[PDB]
**Student:** 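This is the structure, below, for whatever I ask next.
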Amino acid sequence: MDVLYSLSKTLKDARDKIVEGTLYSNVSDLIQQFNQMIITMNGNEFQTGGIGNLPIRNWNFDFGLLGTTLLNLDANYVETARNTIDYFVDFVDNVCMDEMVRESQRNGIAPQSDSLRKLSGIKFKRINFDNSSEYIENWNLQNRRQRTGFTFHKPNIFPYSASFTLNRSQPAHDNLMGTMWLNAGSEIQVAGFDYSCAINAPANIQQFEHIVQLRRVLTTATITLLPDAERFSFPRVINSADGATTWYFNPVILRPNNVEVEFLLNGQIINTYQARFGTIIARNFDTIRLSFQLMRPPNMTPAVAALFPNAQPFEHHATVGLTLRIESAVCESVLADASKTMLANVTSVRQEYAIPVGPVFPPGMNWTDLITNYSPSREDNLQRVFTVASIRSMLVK
Amino acid sequence: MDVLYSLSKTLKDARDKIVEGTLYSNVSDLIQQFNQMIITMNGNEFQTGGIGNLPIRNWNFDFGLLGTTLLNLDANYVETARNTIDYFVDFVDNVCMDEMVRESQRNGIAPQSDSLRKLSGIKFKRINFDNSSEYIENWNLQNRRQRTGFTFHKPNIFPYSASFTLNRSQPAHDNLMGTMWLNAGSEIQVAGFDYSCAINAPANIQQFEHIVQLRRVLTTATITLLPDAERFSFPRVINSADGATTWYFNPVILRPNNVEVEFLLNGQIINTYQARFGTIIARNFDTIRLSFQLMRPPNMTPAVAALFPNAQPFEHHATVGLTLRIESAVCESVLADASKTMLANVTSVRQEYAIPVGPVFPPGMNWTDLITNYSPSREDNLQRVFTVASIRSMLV
Amino acid sequence: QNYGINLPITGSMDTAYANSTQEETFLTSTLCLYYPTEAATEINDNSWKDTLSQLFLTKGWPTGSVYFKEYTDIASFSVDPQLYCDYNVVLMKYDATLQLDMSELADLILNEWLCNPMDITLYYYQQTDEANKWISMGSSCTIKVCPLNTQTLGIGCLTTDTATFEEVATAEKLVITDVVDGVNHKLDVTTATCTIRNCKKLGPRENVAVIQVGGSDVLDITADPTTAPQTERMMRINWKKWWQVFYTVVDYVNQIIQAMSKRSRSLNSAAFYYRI
Amino acid sequence: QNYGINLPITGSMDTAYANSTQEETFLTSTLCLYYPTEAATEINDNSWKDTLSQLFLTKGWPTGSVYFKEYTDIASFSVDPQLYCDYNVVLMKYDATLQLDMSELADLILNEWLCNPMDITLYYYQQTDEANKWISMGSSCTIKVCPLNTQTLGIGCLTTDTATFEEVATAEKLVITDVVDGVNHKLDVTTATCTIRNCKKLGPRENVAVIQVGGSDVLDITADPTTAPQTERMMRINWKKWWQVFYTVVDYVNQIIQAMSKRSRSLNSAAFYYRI
Ligand SMILES: *[C@@H]1O[C@H](CO)[C@@H](O)[C@H](O)[C@H]1NC(C)=O
Ligand SMILES: *[C@@H]1O[C@H](CO)[C@@H](O)[C@H](O)[C@H]1NC(C)=O
Ligand SMILES: [Ca+2]
Ligand SMILES: [Ca+2]
Ligand SMILES: [Ca+2]
Ligand SMILES: [Ca+2]
Ligand SMILES: [Ca+2]
Ligand SMILES: [Ca+2]
Ligand SMILES: [Ca+2]
Ligand SMILES: [Ca+2]
Ligand SMILES: [Zn+2]
Ligand SMILES: [Zn+2]
């Protein structure tokens with residue numbers, strides 16, 4: 001991995017820095033690195049790609065070294081360098097694609113393609129140099145089992161889940177008390193609905209609770225908490241838990257009462273926020289407990305009083321929402337997020353070449369399936385393919 | 001950890017090999033390693049801690065080297081070696097005890113005692129040699145980010161749990177359909193009971209499903225599947241879910257029907273066994289799903305036909321049971337089992353010295369609570385203390 | 001059930017709808033049509049029940065599933081009404097002079113009730129909450145009320161002179177009395193001909209619909225003056241000939257049953273649960 | 001709360017028993033005692049209700065909660081029996097010539113029945129399954145049946161001539177009729193003075209106990225000839241004096257109520273299954 005990353009890093013530096021007219025003193029170290037790469041790779045045969053529709057490509061390296069006598073780079077120098085760079089970039093692209101379309105149950109963190117296995121040998125370790133990208137840096141830290149950190153803008157930490165719980169219900173579905181939530185990506189929208197508006201509740205308070213268990217621990221998380229849930233604030237016709245019939249939801253939104261956000265780690269309270277809306281910080285947690293009350297307003301203007309009668313039929317159902325958005329967080333495992341392209345690149349390569357379903361990943365790289373059952377073997381394979389995808393993105397993209 | 005293990009292994013080898021009359025060539029490499037250990041330890045002060053009732057102990061090393069020039073070891077040689085060995089064994093045992101009674105939440109795999117942190121310094125790396133035991137080998141492989149596994153005979157993977165689910169019930173508890181189960185250690189005993197014997201069921205079949213979600217993945221697991229559950233095959237008076245009243249269970253055991261045992265990983269079926277009993281192999285799974293059916297016997301002799309009337313009262317309750325015993329398995333993480341003493345050793349040391357409850361383990365190192373909430377921090381601390389307990393077991 | 005009543009129901013908002021359950025519902029349920037005797041008089045036929053059953057049979061109801069129970073008029077039908085079938089459709093004739101009575105019948109039929117015995121001779125009584133009413137039924141109820149105070153002396157009444165009691169009902173076959181809550185009332189009722197019970201309104205009765213034949217919307221099934229709700233089970237049809245009424249009932253039986261549920265039919269046919 | 005659905009309940013063994021709840025139920029439950037008139041006659045003491053109430057008070061029940069309901073004889077009590085107390089205990093005197101009638105009464109009150117209305121003048125009736133019976137009660141219920149074939153012609157009877165109908169009940173006060181299943185039967189019933197209903201035996205009624213006074217094991221509360229179950233709620237007592245019988249009933253009331261349970265079909269959990 002470090003060798004593949006170093007190859008790609010050298011090639012990217014060469015593309016960016018070996019430019020017409022530049023002082024040789026701008027590239028001397030890069031020229032030495034490029035020549036060391038050429039020397040190490042010369043005389044080695046590689047084969048990439050025998051899975052799915054990925055073609056078998058054979059790679060031979062017999063290149064001359066870049067010169068070192070110039071004081072400024074001229075056009076011919078840059079063109080010969082570009083020829084060598086193009087061949088190497090094609091090779092590195094193919095090696096990355098070959099590694100990305102493979103998985104292993106046993107040592108998913110280890111190389112799977114034969115070319116990367118060969119690049120793991122001692123002779124190639126000379127190529128290794130500056131490992132400064134976040135993914136390769138995390139890779140090297142994880143090899144030594146040092147504390148890793150991946151920064152995610154809008155981490156895709158919640159598998160898609162749009163469901164409801166009914167605490168009070170009956171076959172007519174006209175006096176319903178419960179909760180409905182969409183947990184999707186980096187967002188939790190939840191809403192507690194009482195059809196009676198807590199008319200016969202103990203002191204006119206209806207307590208709602210929602211527990212979200214993250215499959216990985218998040219640290220240093222900026223989170224927006226907004227009082228309302230726009231997703232559960234309009235009329236809906238909803239299937240029953242068995243799917244036999246359909247019930248009606250005609251919500252009227254009241255501000256949630258005694259809102260309490262709890263961020264917990266291993267079932268222990270880490271952060272507690274009471275009546276706090278806007279930006280909050282959850283420093284280290286794996287579970288979110290949102291508790292919030294529907295408080296029947298003691299005083300009502302005539303329209304409000306007409307909304308909520310003393311008894312059934314209840315036409316306007318008292319609903320209190322909450323919206324929770326993880327803006328940015330840190331996780332010790334790789335994750336899909338809104339800003340990066342690692343998952344999209346891995347999925348795109350796997351789909352472009354019709355990679356058959358393997359024993360590790362879901363039937364097509366569905367993120368919901370992966371994150372729902374984010375097992376250690378899956379984590380190892382995903383970190384490997386994501387590091388390879390970033391290495392590829394340094395050059396192909 | 002590697003250094004502590006090397007110290008212990010050196011001492012164990014010296015005890016086993018430095019014996020009267022033995023050829024020096026039998027022990028020459030061991031004597032070189034022992035002298036290297038002495039050289040590396042000489043001039044260092046150690047303090048084993050005062051946590052709990054474990055006393056504060058100070059350790060000093062000013063030992064001479066063992067001889068190298070005899071053809072055969074003699075009685076003088078053995079006595080001289082034993083004097084140094086006893087002190088080193090006492091020191092290693094105290095370091096192991098000091099490390100076994102400590103825990104950390106942030107970094108539970110790293111050493112906790114001062115002595116083991118001092119021994120992790122580069123100046124002691126010379127002591128390190130053959131790391132051949134399963135626990136230290138796993139430790140090194142895991143530090144190398146390498147796939148390694150602990151082998152367990154009768155792994156204690158299931159938290160103790162004796163419970164029941166009633167899918168059909170009434171306040172009088174006389175027409176009950178449901179499941180009874182004991183998950184204990186490496187054993188699962190499940191039983192579906194129908195009081196009406198599926199008289200009024202579609203096709204005269206009652207379906208039972210029991211899912212056990214293992215807290216860690218198991219691999220290459222040898223399992224015995226037996227078609228009955230003797231734990232739920234005799235009359236019982238059982239509390240109700242709230243304990244308000246007690247109901248009556250009067251089993252009559254029928255052969256379970258359509259027995260399907262699935263071993264699943266990440267929600268996907270890895271192994272499936274249909275109507276198979278005896279030895280089966282679950283190659284890699286985190287969940288066990290047991291489906292079985294109480295099938296009303298289409299033909300019944302009069303003695304059988306009496307036991308199952310068309311309607312209530314139901315006196316003989318038709319029960320079908322399965323039993324699943326994990327004989328052997330492999331786990332990435334550490335676990336208690338019927339063979340190894342790591343858990344017992346750690347618990348014993350924690351009990352003898354009145355070690356208070358820490359922020360990692362449950363009080364008393366109780367295994368049910370520990371395995372129920374097997375968090376990563378708990379896993380790290382527990383592998384650390386188990387490796388230290390094995391290292392201590394080499395000498396104590 | 002009872003050991004799982006207070007447990008949550010979790011449902012996904014992506015589960016597939018089941019097929020139509022109307023066929024199974026009609027094949028396995030009973031339908032009772034309650035009509036006024038004047039209806040059968042106007043029909044004048046003695047086999048019209050058979051014809052209606054046959055016409056229902058085209059709507060999926062098996063033969064011995066629809067039932068026709070006759071009642072004289074609103075007043076008599078209100079004397080301890082009994083609801084027999086899985087679905088009960090009460091064809092009630094409208095009368096401007098019996099509005100409240102109709103409402104009371106509706107209130108007793110479209111809502112579920114839980115009633116305890118009342119002994120008006122040996123005890124004073126009060127209505128605890130807005131759901132607590134006094135429902136009395138029989139040949140003729142004449143309810144007179146004397147409100148008391150904390151000292152248990154009457155207000156505008158004398159505990160010994162019943163002539164000073166405030167009258168709230170006279171010659172009633174069914175009356176629901178709502179008095180001021182938290183006040184002990186001495187009660188005078190003609191217990192010989194009718195019985196009074198302290199009732200609590202639990203909730204709707206989903207298996208009984210009331211079709212008002214003729215008139216306008218006058219039903220008021222809630223004592224509260226600020227609400228006069230018209231539920232899905234309270235229908236109204238303009239009419240000139242009873243055959244047309246029965247035909248519109250039969251043809252749109254699907255719409256009628258959609259407004260009802262088959263989860264309120266109790267073991268007994270009484271319009272109220274009774275506890276001692 | 002989740003009333004219309006049966007959610008499975010998970011219980012743990014080793015969950016501690018709650019304390020005895022017998023005192024609380026005695027303090028919050030009503031005990032109706034049913035006895036024949038001859039019992040009151042032989043006792044011959046107009047104050048015996050007060051004495052029994054005080055004895056029950058000694059045994060736990062508050063002295064306003066035990067009820068005594070008198071019936072004339074087994075046959076009369078079987079007409080529309082109504083057991084409204086939390087716990088009902090029937091002292092049923094034994095007669096060697098009334099074995100079937102005692103069995104019918106016990107079957108009617110020891111088990112829960114869901115009865116649909118029967119219109120024998122409108123429909124041919126058939127019994128679907130072994131739980132489906134025809135229960136008829138009244139001052140005098142005489143029932144004759146004509147079993148029909150697939151072509152609707154009668155078998156051993158003529159639909160037009162009722163005199164040929166096979167007679168299954170004569171001048172009965174209560175009769176549970178069980179015929180072959182799946183065969184349509186035309187019914188001739190003296191509907192003028194007795195009601196017949198198509199009933200299903202849902203299950204036991206656990207709040208009603210019957211003590212057979214001075215007989216033998218004869219009750220058959222199940223129509224299956226191969227089963228004659230003796231449930232815990234059908235006791236038997238030898239007697240010479242009714243005072244000793246009442247004294248035994250009071251002294252062993254703990255045991256009696258132990259053999260019973262709160263009516264499962266009753267109470268809020270049963271809501272939306274059949275009743276409350
Ligand atoms: C529902 O209807 C569809 C279409 O007619 C049919 O395929 C299916 O089998 C029916 N039953 C169920 C349970 O879906
Ligand atoms: C139950 O009984 C025990 C022992 O008699 C007593 O300590 C306790 O207070 C009682 N009450 C409850 C509610 O458990
Ligand atoms: Ca007055
Ligand atoms: Ca009236
Ligand atoms: Ca009132
Ligand atoms: Ca009103
Ligand atoms: Ca009889
Ligand atoms: Ca005949
Ligand atoms: Ca039959
Ligand atoms: Ca029998
Ligand atoms: Zn629902
Ligand atoms: Zn129970």
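Keep in mind that the numbers below use all heavy atoms, side chains included, and drop hydrogens, waters and symmetry copies. In what follows, chains carry the letters A, B, and so on, assigned in the order in which the sequence lines appear, proteins first and then strands, with residues in each chain numbered from 1.
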**Student:** Using the benzene-type ring in the case of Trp, are the ring centres of D/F77 and D/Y34 under 6.0 Å apart?
**Tutor:**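 Judged by ring-centre distance (under 6.0 Å), D/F77 and D/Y34 do meet the cut-off.
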**Student:** Given heavy-atom pairs under 4.5 angstrom as the criterion, report whether the side chain, backbone, both or neither of D/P117 touches chain C.
**Tutor:**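 Its backbone and side chain both get close to chain C.
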**Student:** When you measure from the side chain of D/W113 to the backbone N and O of D/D107, does any donor-acceptor pair fall under 3.5 Å?
**Tutor:**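 Looks like yes, one N/O pair under 3.5 Å.
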**Student:** Could you tell me which of D/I5, D/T121, D/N116 has the largest number of non-hydrogen atom pairs under 4.5 Å with chain C?
**Tutor:**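 It is D/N116.
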**Student:** Would the number of heavy atoms belonging to other residues, nucleotides or ligands and lying under 6.0 Å from CD of D/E166 be above 12?
**Tutor:**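 Counting neighbours around CD of D/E166, more than 12 heavy atoms of other residues, nucleotides or ligands fall under 6.0 Å, so yes.
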**Student:** Please classify the contact of D/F272 with chain C as side chain, backbone, both or neither, using a heavy-atom distance under 4.5 Å.
**Tutor:**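 Backbone plus side chain of D/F272, per the 4.5 Å heavy-atom cut-off to chain C.
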**Student:** Is D/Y124 close to chain C through its backbone or its side chain, or both, or neither, when contacts mean heavy atoms under 4.5 Å?
**Tutor:**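 Neither part; nothing is under 4.5 Å.
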**Student:** So which atom in C/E70 and which in C/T37 form the shortest heavy-atom distance, rounded to 0.1 Å?
**Tutor:**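 Heavy-atom minimum between the residues: OE2-OG1, 2.6 Å.
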**Student:** With a 4.5 angstrom heavy-atom cut-off, which part of D/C115 approaches chain C: side chain, backbone, both or neither?
**Tutor:**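 Looking at D/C115, just its backbone touches chain C.
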**Student:** Thinking salt bridges, do C/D129 and C/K200 make one under a 4.0 Å N-O criterion?
**Tutor:**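 Salt bridge absent between C/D129 and C/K200.
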**Student:** Side chain, backbone, both or neither: which part of D/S266 has an atom under 4.5 Å from a heavy atom of chain C?
**Tutor:**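 Contact with chain C is through both the backbone and side chain of D/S266.
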**Student:** So which part of D/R205 gets closer than 4.5 Å to some heavy atom of chain C, the side chain, the backbone, both or neither?
**Tutor:**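 Contact with chain C is absent: no heavy atom of D/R205 under 4.5 Å.
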**Student:** Using the ring of each side chain (for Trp, its six-membered ring), is C/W243 parallel, tilted or perpendicular to C/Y247, with breaks at 30° and 60°?
**Tutor:**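 The arrangement is tilted - the two ring planes meet at 30° to 60°.
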**Student:** Assert yes or no for the condition that the ring centre distance of D/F56 to D/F26 is strictly below 6.0 Å.
**Tutor:**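 No: the rings miss the under 6.0 Å criterion.
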**Student:** What part of C/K69 is in contact with chain D, defined as an atom under 4.5 angstrom from a non-hydrogen atom: side chain, backbone, both or neither?
**Tutor:**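 For C/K69, the side chain is the part near chain D, not the backbone.
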**Student:** Under 4.5 Å from any heavy atom of chain D, what part of C/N268 do you find: side chain, backbone, both or neither?
**Tutor:**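 Both backbone and side chain of C/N268 come within 4.5 Å of chain D.
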**Student:** Between C/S47, C/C85, C/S53, who has the most heavy-atom pairs with chain D when the cutoff is under 4.5 Å?
**Tutor:**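 Answer, by heavy-atom pair count under 4.5 Å with chain D: C/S53.
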**Student:** Please report the closest heavy-atom contact between C/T28 and C/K262, naming both atoms and the distance.
**Tutor:**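 Minimum heavy-atom contact is OG1-NZ, 3.3 Å.
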**Student:** Identify which part of C/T30 has an atom lying under 4.5 Å from any heavy atom of chain D, answering side chain, backbone, both or neither.
**Tutor:**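 Just its side chain gets close to chain D.
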**Student:** Check each atom of C/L202 against the heavy atoms of chain D and say whether the ones under 4.5 Å are side chain, backbone, both or neither.
**Tutor:**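 Neither part.
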